[PDB]
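Presented as structure tokens, the chain that follows is alone, the form deposited in one PDB entry.
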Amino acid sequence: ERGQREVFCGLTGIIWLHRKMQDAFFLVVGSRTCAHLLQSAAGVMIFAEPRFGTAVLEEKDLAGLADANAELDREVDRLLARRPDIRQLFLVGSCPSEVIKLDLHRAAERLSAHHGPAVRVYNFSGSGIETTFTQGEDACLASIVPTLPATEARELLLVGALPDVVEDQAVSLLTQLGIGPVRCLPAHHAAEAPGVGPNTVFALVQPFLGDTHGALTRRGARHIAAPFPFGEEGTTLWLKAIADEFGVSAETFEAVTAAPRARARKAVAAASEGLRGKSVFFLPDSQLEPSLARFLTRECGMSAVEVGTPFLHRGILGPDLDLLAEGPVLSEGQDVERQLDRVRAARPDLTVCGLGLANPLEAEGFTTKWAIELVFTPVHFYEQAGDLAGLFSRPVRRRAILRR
């Protein structure tokens, strides 16, 4: 359905990306609208002096690619004058930049010619007409990929921006598996960037990284499709796929992973007290909805009436969809009025929808969770499975039983 879509442009991906890449500054070439969106979705981070700025396109900047590119070079040089700490610059494309047809790929090359050893300028497009929400993150990662050095050693490879605690616990469990040194593409600094080659088979931690998956396939790396680490079972099958690819014995794997699986099961059971026998609706927000529905329906016992995804990458999400029950209705494309009528008719007990839609549905009487929190808060692996379960346990439906 082609209608109004209440989803974020991919410049929102910058907001959580720069927290993982402490060496990278993201410069957005956009209008006042893009800067306003970036600051609104950042919230307090913009008060915390973060590493994203918007080179605002002025009226004189609209006419003339050479003039606008010269002013862009001026601003970039001024920024590295202020910020010699950062070595990575991302010339994030934006909707007005695309309409101007201001080539930012060329600009990245020119700035790399200027101060390449000092700063490595990458380039991707977070524009709304091109990219939606976490597609900004995966576009940034896919931009990073081609420049990455080649390696000739088979190493375990992790793709996706994760909190440092989640990344540490993930690599910890991968190490207790015993086989396969780990590496993460969104490296905190460009110095510790990974080497990507045909031998390094890569595992994707977050579903929406489809462009990054394609870019890694161009490098020769093959993908091990697996259900993403949301909850105990998804994390278990993710680690099991990784272990099978690296030939870890089944009994050894079960023995090493039993304790965190038991803790995650206890935590999800404790959190999912009011979740059993409940109906959950998903609006297209963050491409996490398929794995979200899998986790909720299986571990939490919450039947999914409709799973809405802005872009469904069937090839990578195949194991997760296989884990998902036949009952949930996966839908592609977003018409906000059609999906609003659908949630109104279905009368879901919980609706995981956008923040611009969350409060209206609460006013109408629908319990709503906003999925924008999910990309922020740690919701991956066992140690956060309980928090992930409780996040849907009380986005009301624990407050509804308290307010009403």
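Only the largest set of C-alpha atoms that superpose within 1.5 Å between the two forms is called the rigid core. Residues carry their position along the shown sequence, with the first being 1.
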Would you say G116 is commonly dropped, meaning unmodelled in a third or more of the other compared entries that have residues on each side of it?
yes
Do at least a third of the other entries of this protein fail to model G64?
yes
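There is another form of this protein, the form deposited in another entry, and it is not shown here; the text below is about that form.
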Which single residue of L204, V307, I242, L72, after superposing the core, moves its CA by 2 Å or more between the shown form and the other one?
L72
Rigid core fitted, is the C-alpha displacement of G356 between the shown form and the other one 2 Å or more?
yes
Comparing between the shown form and the other one on the rigid core, is the C-alpha shift at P186 2 Å or larger?
no
C-alpha of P84: shift of 2 angstroms or more between the shown form and the other one, rigid core aligned?
yes
Say whether the C-alpha atoms of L312 and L355 sit closer together or farther apart in that other deposited form than in the form shown here, given that their separation changes by 3 Å or more.
closer
Output row for the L355-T309 CA distance, |change| of 3 angstroms or more in that other deposited form, reads closer
